[PDB]
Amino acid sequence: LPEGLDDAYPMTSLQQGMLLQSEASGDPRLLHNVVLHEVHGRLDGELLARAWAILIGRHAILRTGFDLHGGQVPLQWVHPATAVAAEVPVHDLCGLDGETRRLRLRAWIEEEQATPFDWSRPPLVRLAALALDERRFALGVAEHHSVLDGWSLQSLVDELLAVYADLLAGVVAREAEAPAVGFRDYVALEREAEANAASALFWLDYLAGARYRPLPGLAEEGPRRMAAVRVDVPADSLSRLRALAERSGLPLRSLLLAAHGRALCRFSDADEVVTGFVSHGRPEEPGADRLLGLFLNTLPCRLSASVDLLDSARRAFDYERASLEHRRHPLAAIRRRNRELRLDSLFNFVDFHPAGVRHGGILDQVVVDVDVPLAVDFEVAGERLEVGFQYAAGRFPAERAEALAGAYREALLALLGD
């Protein structure tokens, strides 16, 4: 361990598994997120790199290198800000026609997706700025999933643009109140949970008797190719479902998780499916919502078929309540004691809720190469419920994916009752 570090502490089980999965693959594209954001505003490359330096100084994960094999346990090395370079390459797309610009944006994505990371050289997030016209640039943001979850990514982008807008307006960059906890505290919470016997036993008992029938239509083997599908969500679903939620005393997440289960049981013609429920284990401490890092753990979730979809919602709520205190027991540890466990699908509920510089939307992005066959996102975006999924097109025929999307639409309709 070199001198000078701010800190060092173990990698999490998800950090380790993802990096081991990347190392086993040889492909830089695996678990490699890449997104282009539209930014309204003058592009000043030096001010943008200054803004990034400010963020780098505020967040340990952006000064962190991973050391998988060097010591006896995989370690996170937190380097001092003085040792971490803040680079934002500027590219010039000004003056191009529309289709050329779109193609050049796509090319930046694909090139970055094919560019590997040096796990010992922070930051493990890369930025670029692509000038589009005098009032508009694209901000490229790219990281391995081992570094940031989606909530952290959103917080990162929002804080970069706030700091940048401060510098562009000539004021001092403002900072939020220091959180109580840091990422190191989450690490400790997970290691305790991994060692917690009642939590290990809870997950063993919960899966006793479960069966793992493959997703029907999903080939055992195939190449790695990713595709995405939007579900045709009924007209006013969010408003109608929030009202069902308040009246019935069931949260919205529970209603949607029951819908997920109904879709999957119908599509698979199965009495029960075992899906992965993506939960976050951020410490329950002030400011934990402002931390940057990877806080996700995927939990086994058993969803049984029922004609009474509201009773399925109640059971999904009871599942979340019973599993809550056990939610930081890592999936890999559950798998170590249950080798039969296999999750072909994931459920992800996403709920991340001015003049001058403003974020204008997403111009382009990758469908991230992952190994999980089917990942379903339920997203509260604005006043809209957005549902979609990504799947292994190399293993899952597109005709089945469109059938599955119909099942999700049918499930949402069954919730509303039209």
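We number the residues from 1 along the sequence you see.
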Notebook entry, point to check: None, 1 to 3, 4 to 9, or 10 or more: how many residues of the deposited sequence lack coordinates between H353 and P354?
Noted result: 4 to 9
Notebook entry, point to check: Mean C-alpha B-factor higher for 284 to 292, or for 245 to 253?
Noted result: 245 to 253
Checklist line | Of 68 to 76 and 254 to 262, the one with larger mean CA B-factor | finding: 68 to 76
Checklist line | From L14, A407, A398, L20, residue of greatest CA B-factor | finding: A398
Notebook entry, point to check: Which has the highest CA B-factor per the PDB entry: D271, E220, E112, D166?
Noted result: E220
Notebook entry, point to check: When the modelled residues of the chain are sorted by Cα temperature factor, does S312 land in the lowest, middle or highest third?
Noted result: middle
Check: Based on the entry's values, in what third of the chain does the Cα temperature factor of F267 lie: lowest, middle or highest?
Finding: middle
Next item on the list: Tell me, lowest, middle or highest third: where does the Cα B factor of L47 rank within its chain?
Entry: middle
Margin query: Quick check for you: using the entry's CA B-factors within this chain, is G361 in the lowest, middle or highest third?
Written below: highest
Checklist line | Third of chain Cα B-factors occupied by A188 | finding: middle
